[PDB]
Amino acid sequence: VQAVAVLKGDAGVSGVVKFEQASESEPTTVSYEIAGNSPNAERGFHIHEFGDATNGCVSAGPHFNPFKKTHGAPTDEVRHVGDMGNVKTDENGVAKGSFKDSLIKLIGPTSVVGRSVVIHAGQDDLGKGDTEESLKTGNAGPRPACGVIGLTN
């Protein structure tokens, strides 16, 4: 009901993601601070299916998609539950923010506890690219950092 993912990797990317959700029907509050990114950029931020890091961020699987839909924007009606959009980085490569979400949960059958958060190397096209991958991953590219979502105090 309070969870955290410490992001780590081998590309200088690093950070912490905080989840808060008080009750089953309430929205989760996502708060992140990630550094080591490109400056002045937009980078893909998502929930991948597996909290598996056997071989690094590549071990995490595809996007969390309990409802079998297509990749989209956090604001679209048609998205994967793990679709958190893009995070915007500053002049120093720091992405900092917070938001609320109704699809992402800590409680119940679709819980994300035990899953992974990924920060991509590229930008998420929200599925409005003209490529077929756009509808899978949004073409956000590789995985500089990821972290398992764990239960905290």
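Residues carry their position along the shown sequence, with the first being 1.
Stretches compared: 18-26, 125-133. Higher mean C-alpha B-factor in the entry: 125-133.
Of the two segments examined, 105-113 and 87-95, it is 87-95 that shows the higher average Cα temperature factor in the deposited entry.
Placement of the Cα temperature factor of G51 within the chain: lowest third of the modelled residues, per the deposited record. Per-chain ranking of the deposited C-alpha B factor places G44 in the middle third. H80 sits in the middle third of its chain by CA B factor, as recorded in the PDB entry.
Sort the modelled residues of the chain by CA B factor and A35 lands in the highest third. Per-chain ranking of the deposited C-alpha B factor places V148 in the middle third.
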